[PDB]
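Shown next are two forms of a single protein chain, provided one at a time as structure tokens under the names structure 1 and structure 2.
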Structure 1
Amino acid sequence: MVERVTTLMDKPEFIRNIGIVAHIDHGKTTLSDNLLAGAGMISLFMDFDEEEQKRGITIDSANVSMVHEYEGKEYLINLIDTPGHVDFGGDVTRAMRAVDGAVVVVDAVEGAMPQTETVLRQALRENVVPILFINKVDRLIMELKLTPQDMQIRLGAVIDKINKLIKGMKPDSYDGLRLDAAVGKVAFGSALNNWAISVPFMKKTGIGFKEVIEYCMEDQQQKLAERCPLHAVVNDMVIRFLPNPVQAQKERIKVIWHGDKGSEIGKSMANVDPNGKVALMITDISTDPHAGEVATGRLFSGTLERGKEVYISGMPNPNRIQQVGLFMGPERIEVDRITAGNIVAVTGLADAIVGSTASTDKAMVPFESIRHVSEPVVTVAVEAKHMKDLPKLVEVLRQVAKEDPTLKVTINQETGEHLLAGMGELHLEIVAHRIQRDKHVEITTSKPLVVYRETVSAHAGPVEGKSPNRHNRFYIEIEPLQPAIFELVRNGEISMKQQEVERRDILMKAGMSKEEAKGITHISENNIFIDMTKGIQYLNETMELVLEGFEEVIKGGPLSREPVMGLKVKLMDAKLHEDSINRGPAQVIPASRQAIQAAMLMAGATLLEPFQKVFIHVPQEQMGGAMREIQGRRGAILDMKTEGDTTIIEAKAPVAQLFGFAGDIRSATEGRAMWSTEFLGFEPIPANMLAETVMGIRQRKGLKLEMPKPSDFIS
């Protein structure tokens, strides 16, 4: 529907910008593909990457446009199919920035799962409107053999669960967001077998759930697909209940744009005004063989045209648009111009990165950053196979990191090697593949290792740090953050920019003494610095330097130069030299670093390692094989439930223990165990493993091969 798409994209009221989101494997891509087939867009089309087809997983968000007719008018559905695996969660985040509505897909059998909540929360954070498609209802009918009422109960429990999540996330918006099957905001069906129903649709066609069960039970789901077409029921739901750009954009900018809402551009964004100045939110960078580098984004105001110039936020020179169009899976349909309200593919924006604001005016308030979180937990060292390829590798790693901001690329100064840090083993496997196959650089990679965290287990101090000229002294106590306070900081509930009586009240109503709440001076990662001193001359002008020493230590702790978390650092006393020449950065910053590092080692310094939480659905026949695999990897079982022939195992294990788990769990269960994973958190390494783990880390970093001591820091 090439000419259809183009005619429709000019009319913002008939557009739906949507994303398909779900727990891994609940059926996003089958849904998206069969929506496209039913709609006559195609005869898995969206998993068009080779590794996606090879591994049977969505790795990258894919974009496609779809024409659907509803009550005598055609609508343009700009759809994003997103990945389910936690390692690719940043693809979901970037996609939620670009869409206005979301089809939350949930497997009827497993029901809502941990990444179901994750994707729902990411949608609501962006003021994206959710509807619900309960998929795999064929399995629920054919494998559990439940009566209609049992199946009404099961489906209704899923709806209720999604609604509790919504109500917990957006309590004041709950009424308008609540999912109601009788209203039509929920459908149920089988993406695989091209059929779907909803309460209003069943009334309309005169078909009950008992007839639906018969269709499946008598091996006639093809007939059901004709009577109850998947694409009709779901696309209708999309048109009816997901919002157009005209309703939505004013809601999106409440949370993605902190500029003057009554400005010229705030109005033209709020009105989807094609004649306004360009306002284009860049959500993705990727490379194609013909278009070259391509920026994906959401156009809120203006019109994009080949040859038009836009400014990129933070960059001085104006970028020129070379081509504009829409993605159709692996293809990108080119068009003369695209108007506000659409999800666009643009070439020629050399300076754009994920999160960029493209605008006509250089002085436009930039859109809010695309939030990240989830710091890397797995790392690999990477090197060019042939030394003639070193500068290509430099340029290629820059490009890989630009296209995937969840990857962190640093350089080992003690080996000249590049380190790739990402979300998991699979994440790094794909990256190494996308450097060789796609970027044409032969590389060698080390085995994946985890990134640890350093912390303390007890209180210590006051410890005296002394400047190299011996003229300045700082007295530091250190101890663990209480869990309530750690959570406030990790969730961003407090801040030094925040108001001082407000922050003091949040901290104190969390357990912190008034002394320490009012003394809090700095936050850095999941650590705080408190000033407990009164009336020390020159400490005000010197405190900025003390905090720099604190920040440096947080970046890499004294045990193994791993990042530090969970620390409460307190300045109890200080002595500074009268003359500023004796108390500048070269004097104060080392004194601060050394006091803090010595206190840490005196406070039961130890390592935390990342843990994954693992969910396994396995038939009873293979339960024993599943159990042996997780228990053999020193994982702890957390709970176990039975639901018919299936055992549901909830377990945790160190990330470091779960490398190669996919292939081993398949072998031990003959491929019959479904499993998924999520980051749990950093937990203490075994107490009898601290010396060996620290030595292991220091050796592979090039650091000195000896256990650090507080005598290394304070003379």
Structure 2
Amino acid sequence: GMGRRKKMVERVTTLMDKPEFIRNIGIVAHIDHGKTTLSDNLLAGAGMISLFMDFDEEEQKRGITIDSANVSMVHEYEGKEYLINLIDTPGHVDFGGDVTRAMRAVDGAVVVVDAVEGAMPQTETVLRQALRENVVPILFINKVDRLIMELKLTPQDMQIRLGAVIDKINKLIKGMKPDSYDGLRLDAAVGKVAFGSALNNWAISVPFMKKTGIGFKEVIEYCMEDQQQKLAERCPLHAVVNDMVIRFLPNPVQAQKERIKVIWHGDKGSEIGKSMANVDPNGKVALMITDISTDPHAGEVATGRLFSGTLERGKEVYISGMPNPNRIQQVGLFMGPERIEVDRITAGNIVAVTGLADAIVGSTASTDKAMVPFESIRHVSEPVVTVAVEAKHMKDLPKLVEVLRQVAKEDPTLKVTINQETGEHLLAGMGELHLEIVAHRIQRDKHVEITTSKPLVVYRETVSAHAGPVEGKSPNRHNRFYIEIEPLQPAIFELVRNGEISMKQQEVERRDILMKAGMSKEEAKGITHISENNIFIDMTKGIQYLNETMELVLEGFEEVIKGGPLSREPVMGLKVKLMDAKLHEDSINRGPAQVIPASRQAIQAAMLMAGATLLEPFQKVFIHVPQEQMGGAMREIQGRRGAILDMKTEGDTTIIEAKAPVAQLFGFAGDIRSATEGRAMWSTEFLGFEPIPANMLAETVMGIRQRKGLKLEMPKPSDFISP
């Protein structure tokens, strides 16, 4: 009934124009805590369908969510209908990029937590990703049936266990956002927490129990008596959870002004800032592109969040960084399960658009070319595992290049390196599963048979000392650049890594952040380029033509950051300082082909003078094992160059927290299973890049150079600079 496609078309299209009645939400959780069962049962309970959501063949075969999925529901609350745009997100750490992209589109998050496992490593990760986006969280504690049936827990004890979960989530919130904790605090008594069984279609909350005249003792009886279906009639999952969504997650009128504080360095008082804050359909277009996907019938689809304005077929918008207007072909919304085309979409909605040929993940699409773009969408960690990929058949060579480029466009937590001169392309990602799924879907969906090499790690290059000034010279000798280099301080690197500083911020705003983190006032005032992991500082004054030349100097800097001089691995942790410069007065002698090499070579040589070295990625590993198998678990992790960071005993089980190099964790799944007779449960989180041992530098570098087909000799500064 309510979910009839044409009755939902009319109901959604009516609600679409009423931002008060919209809720843009993501469902987020540690792996297997029940996101998709919840999403599926909300859709079913709400009438939108008759697990549906895991559409991909591999998601059903593996019982894992691989891609974010967009659906919507219409839900009545206090005699009014509301449009709930829902994004179900992957739990596995390898697909975390989908969580980060989903979080940019939504204003509220249902954090799902398993009552049995409690808060887990990615519970913290997704909560942090929500709070960094100014997304409001509520809590659904799931699998309460198991808590009741497998632990036979009494009304008072089950309560104590559920309360501990709530307190833990609140502690995480308070630690992440101390200044907004009071507003964000989860209170079971008002109803910001619900508890239930997504699998069995029931849920309760403290206020709902105090009104249904139902107690927790009755819930235990329903489960013990194998009458959970009768419980689902009295305490419907969709009614309790969707009510909580409407009552506690924000509409776009409430949320957009909060979202733009963190996703946009523009002025909230500018014309576009006010239109976005007011969710104005008659403002100019401001569209945040969060996802690129490929449709069988429609072609490429750009999904995103429309903050201001109205979109319709034929309307033209600029794409940030690109010169020409792109023309919308179709616009669509998610209506229950289905992405349906509509005549026009308005601010406040999550939208799907075709025709934006230049759009990428993170693009700003706008009516005015000059609009300040939204911030990039940055994932919590970067690629650490790589394989070589090659077509099995010479007729598929050009197609494989298009396929790999499209794969990385659709998931920028992958990094593709095309080689059209050998065909041995490189694919880097977050983990082995990440790359296994990509390879499978190339063969299945794109019909290109491929080989992949054994996985290897991706290192990072950095420096470990100060060097300079070092002079780089243009090929015509007319232009000179004098560079000093040193490692970033940890607190500064964190600001850069977290995007807390930006060249888009007011100079005063940015410099105060840097100085409070320990940077001197001249370096803070001189910062001119903040890359993803490195900074460039201009210490000069009065050098004529330098401002117009600085973009070329920074291009040379970016070229080095893509692959450092030790082994062509990505560079991180650099503070590069321009101390002096000499420029020819005529622009014909200081164009890109003159200035870019001069900047690049000075930085390359300075790195080799500054104790250049390699960093290797480490994972944090969390191993939950019964006491009987703790010896095998400890031995397995310590045999892989692992170090134990913590051991916590809870009952007759131990939670081991350890760290180990990614390069030492291949085959861990099978080895930890046999070492513990299948009893270990384990998860991971990326820890960071750490310095390789000093007496392994030459051999590590030579091995990388060998793998890449580079010169079999250690680089030296004279390879880059000459008299």
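Heads up, when I say rigid core I mean the largest set of C-alphas that superpose within 1.5 Å between the two forms. Shifts are known only where both forms have a C-alpha. Numbering runs along the sequence of structure 1, starting at 1.
Just one of the listed positions, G302, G465, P245, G422, moves its Cα by at least 2 Å between the two structures when the rigid core is held fixed, and it is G465.
Taking 2 Å as the criterion, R700 counts as shifted between the two structures: its C-alpha moves by at least this amount when the rigid core is aligned. Shown in the overlay between the two structures, fitted on the rigid core, is a CA shift at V501 of 2 Å or greater. After superposition on the rigid core, displacement of the C-alpha of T606 between the two structures amounts to 2 Å or more. After superposition on the rigid core, the Cα atom of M66 is displaced by 0.5 Å between the two structures. Superposed on the core, the two forms differ at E375, whose C-alpha moves 2.2 Å between the two structures. Shown is the Cα shift of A586 between the two structures after rigid core superposition, which amounts to 13.6 Å.
Displacement of the C-alpha atoms by 2 Å or more across three or more consecutive residues between the two structures, following core superposition, is confined to the runs 327-331, 411-416, 447-715.
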